[PDB]
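Below is one structure; the comments refer to it alone.
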Amino acid sequence: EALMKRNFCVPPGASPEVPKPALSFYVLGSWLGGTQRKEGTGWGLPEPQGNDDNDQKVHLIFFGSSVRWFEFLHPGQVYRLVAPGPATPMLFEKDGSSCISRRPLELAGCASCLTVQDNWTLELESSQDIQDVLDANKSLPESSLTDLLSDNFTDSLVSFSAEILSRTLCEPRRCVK
Amino acid sequence: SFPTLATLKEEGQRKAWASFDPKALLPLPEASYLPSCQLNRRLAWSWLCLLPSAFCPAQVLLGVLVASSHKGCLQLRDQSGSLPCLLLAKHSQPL
């Protein structure tokens, strides 16, 4: 999702104060394995992923000083985060309701959220190790010409890849064409 | 030659504002058949590109990458100051 001004929601069990509008965003992604522990230079064998009926989808709210990581996130790339310190159980599954769990108005009711912590950092994995997953790094998804140009008016989600011809700004409403 | 970020920015801004001739952008006779609002809207925007290697002598950009935690804009930073920057990898592959 893009970066803009966002409003959080009421924290669970905290004071009922309106969250301030703060610049932030969030991402959606799918896991590849269970809890993993560091071992020497690398990391130990991860725990098996729970065979749960819940979809292996997570939402990560980025805010505070973590906004600086926005420019290093792109679809189809393998990302592994790290939580410094001891491997405390129940840390990569869902937000802790007791701790700071503030979500935007469009994500408060989601059943799959994981707010990042400042001490956490993110690194990019190697190509050879996870080459199997990287095989799906084809062209980014895009709707057909018929779907984009059919009349209807159902649905407002489209995607393509074009080449800019001309640019012009509009002023009296602020608009750039 | 090795320039500083502030000097490069000031030189670029001065050169950009130097050659801003409206007559060059909209020559005859297209403007001769235009209303005021359309003319003003058309002249409102422009752009320019500069290659430092074409100057006498050549120039080389050097700086330290800094990712601030306020606006999410990566910058090249030195003691003189900072500068917005855009980073891309080979063959249309994002950094």
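Residues in the structure tokens are numbered from 1 in each chain, the chains being A, B, ... in the order shown, and ligands are numbered from 1 in the order shown.
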(request) Compile the residues of chain A that lie within 10 Å of chain B, evaluated using only C-alpha atoms, and express the compilation as an MDAnalysis selection string. (result) chainID A and resid 3 23:24 63:75 167:172
(request) Would you return as a VMD selection string the members of chain B that DSSP assigns to strand (DSSP E) on this structure's backbone? (result) chain B and resid 64 to 67 74 to 77
Kindly export the residues of the current selection with N, CA, C and O atoms, as a compact mmCIF listing (two decimals), in the first residue's frame.
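The new file result18.txt reads:
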# COMPACT_ATOMS: atom_id res chain seq x y z
N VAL B 64 26.96 9.85 0.91
CA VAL B 64 26.62 8.78 1.83
C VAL B 64 25.10 8.62 1.84
O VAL B 64 24.37 9.59 2.03
N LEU B 65 24.64 7.39 1.62
CA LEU B 65 23.21 7.12 1.60
C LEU B 65 22.63 7.20 3.00
O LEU B 65 23.14 6.56 3.93
N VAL B 66 21.57 7.98 3.16
CA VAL B 66 20.91 8.18 4.45
C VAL B 66 19.41 8.02 4.25
O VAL B 66 18.83 8.65 3.36
N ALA B 67 18.79 7.18 5.07
CA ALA B 67 17.35 6.95 5.04
C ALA B 67 16.75 7.54 6.31
O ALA B 67 16.78 6.92 7.37
N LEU B 74 15.02 8.40 0.70
CA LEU B 74 16.45 8.14 0.74
C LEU B 74 17.21 9.31 0.15
O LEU B 74 16.79 9.92 -0.84
N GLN B 75 18.34 9.64 0.78
CA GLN B 75 19.12 10.81 0.39
C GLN B 75 20.60 10.47 0.42
O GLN B 75 21.04 9.56 1.11
N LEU B 76 21.37 11.24 -0.36
CA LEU B 76 22.82 11.21 -0.30
C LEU B 76 23.27 12.39 0.56
O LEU B 76 22.96 13.55 0.23
N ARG B 77 23.98 12.11 1.64
CA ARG B 77 24.27 13.10 2.66
C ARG B 77 25.77 13.26 2.84
O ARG B 77 26.53 12.28 2.80
(message) Report as a VMD selection string all protein, DNA and RNA residues lying within 10 Å of residue 116 of chain A, evaluated on only C-alpha atoms, omitting residues in the same chain fewer than 5 positions from it.
(response) chain A and resid 59 to 64 66 81 83 92 95 121
Find the spatial neighbours of segment 48-51 of chain B, counting only C-alpha atoms, within a cut-off of 10 Å - ignore same-chain residues fewer than 6 positions away - and output them as a PDB file with N, CA, C and O atoms, in the first residue's frame.
ATOM      1  N   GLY B  12      22.752  23.713 -10.410  1.00  0.00           N
ATOM      2  CA  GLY B  12      21.641  23.181 -11.179  1.00  0.00           C
ATOM      3  C   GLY B  12      20.428  24.088 -11.150  1.00  0.00           C
ATOM      4  O   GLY B  12      19.805  24.338 -12.185  1.00  0.00           O
ATOM      5  N   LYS B  15      21.151  27.250 -13.281  1.00  0.00           N
ATOM      6  CA  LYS B  15      21.114  26.965 -14.711  1.00  0.00           C
ATOM      7  C   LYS B  15      19.692  26.699 -15.183  1.00  0.00           C
ATOM      8  O   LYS B  15      19.309  27.110 -16.285  1.00  0.00           O
ATOM      9  N   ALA B  16      18.892  26.010 -14.364  1.00  0.00           N
ATOM     10  CA  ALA B  16      17.505  25.754 -14.732  1.00  0.00           C
ATOM     11  C   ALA B  16      16.716  27.049 -14.848  1.00  0.00           C
ATOM     12  O   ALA B  16      15.964  27.244 -15.810  1.00  0.00           O
ATOM     13  N   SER B  19      17.654  29.632 -18.273  1.00  0.00           N
ATOM     14  CA  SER B  19      17.170  29.460 -19.641  1.00  0.00           C
ATOM     15  C   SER B  19      15.669  29.211 -19.695  1.00  0.00           C
ATOM     16  O   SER B  19      15.190  28.455 -20.544  1.00  0.00           O
ATOM     17  N   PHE B  20      14.901  29.834 -18.800  1.00  0.00           N
ATOM     18  CA  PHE B  20      13.448  29.670 -18.784  1.00  0.00           C
ATOM     19  C   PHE B  20      12.820  30.752 -19.658  1.00  0.00           C
ATOM     20  O   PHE B  20      12.340  31.785 -19.186  1.00  0.00           O
ATOM     21  N   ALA B  58      35.029  17.279 -16.131  1.00  0.00           N
ATOM     22  CA  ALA B  58      34.029  16.314 -15.705  1.00  0.00           C
ATOM     23  C   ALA B  58      33.818  16.385 -14.195  1.00  0.00           C
ATOM     24  O   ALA B  58      34.678  16.842 -13.438  1.00  0.00           O
ATOM     25  N   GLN B  59      32.647  15.924 -13.761  1.00  0.00           N
ATOM     26  CA  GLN B  59      32.291  15.897 -12.352  1.00  0.00           C
ATOM     27  C   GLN B  59      31.848  14.494 -11.966  1.00  0.00           C
ATOM     28  O   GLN B  59      31.315  13.745 -12.788  1.00  0.00           O
TER      29      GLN B  59
END
